[PDB]
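Just the one chain here, laid out as structure tokens, in the form deposited in one PDB entry.
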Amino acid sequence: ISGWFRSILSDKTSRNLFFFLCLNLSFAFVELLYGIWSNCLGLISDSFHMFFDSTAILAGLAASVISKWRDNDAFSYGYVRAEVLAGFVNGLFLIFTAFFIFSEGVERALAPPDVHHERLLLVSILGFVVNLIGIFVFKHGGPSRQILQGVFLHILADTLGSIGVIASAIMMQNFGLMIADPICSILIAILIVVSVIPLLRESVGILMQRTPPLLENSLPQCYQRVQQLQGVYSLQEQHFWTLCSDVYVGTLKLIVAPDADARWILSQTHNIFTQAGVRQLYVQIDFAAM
């Protein structure tokens, strides 16, 4: 456990995640005092939602730490899929929170009661400052690719929520109208879902063993080039998938002539797919009868 912290601060992304999580926990302690000072009704719920925020940050940090683990007998490809899975789980969770902004939104829309004890628009401003630091640190967010994407999208969803609550507060105070708050909430939910969609599409495609999108357009030319090799009869059982970001695994079976140069055909096929961007390739050569 003593050496666990040294790995966290070594890598840039893990250290950034850890520092942002520590800042979130410091804000949690500040609110914990501020709320055990007899303002529980809204403050404590805000704290528990932003503790959930810290939970998402912890999930991203854990995925970053685990992805660097050494491969073993049970985990032959390593633990790199935790990079993808985090990006999945962070994305879906955001969709979940979008519904929380939707349903609660109509709780303030058709229902006249506007009971509210926001702490004199003070915790919201500090939370938005925290969100600005978060979006500044993880600007490269929008194997540590889908982790950073999901973390950045979560921080941006937080920023949109802060914009919504601050805008509603300035609406009811100065303009005095009440209809803006449900509209801002539903618009924030729509923006959250729209931003989340691409990351979810990439994560689902990777987990569904789909052909890599940046490899799909070059695969037929690779197939023709392998087919052009002297003594290759046919190609079959071609399979290409994404392990983690930029890491592609491919497998194929070649039928060749009964007396073909299998050494040379193997070297040429591996060259053809190394130029295409495949890192891990398996070529099974079957000699034909005639």
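By rigid core we mean the largest C-alpha set that fits within 1.5 Å across both forms. Start at 1 and count along the sequence shown; that's the residue number.
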*Can you check if, in at least a third of the other PDB entries compared, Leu177 has no modelled coordinates?*
yes
*Of the other entries that cover residues on both sides, do at least a third skip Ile186?*
no
*Using the PDB record, quantify the missing residues of the deposited sequence between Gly142 and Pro143 as none, 1 to 3, 4 to 9, or 10 or more.*
10 or more
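Keep in mind that the form deposited in another entry is not shown, yet the notes after this line are about it.
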*Rigid core superposition between the shown form and the other one: residue from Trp264, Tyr223, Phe29, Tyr233 with Cα shift of 2 Å or more*: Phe29
*asked:* Does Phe136 shift between the shown form and the other one by 2 angstroms or more at the C-alpha, the core having been superposed?
replied: yes
*Look at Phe48 and decide if its Cα position differs by 2 Å or more between the shown form and the other one after superposing on the rigid core.*
yes
*Taking the rigid core as the frame, does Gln284 move its C-alpha by 2 Å or more between the shown form and the other one?*
no
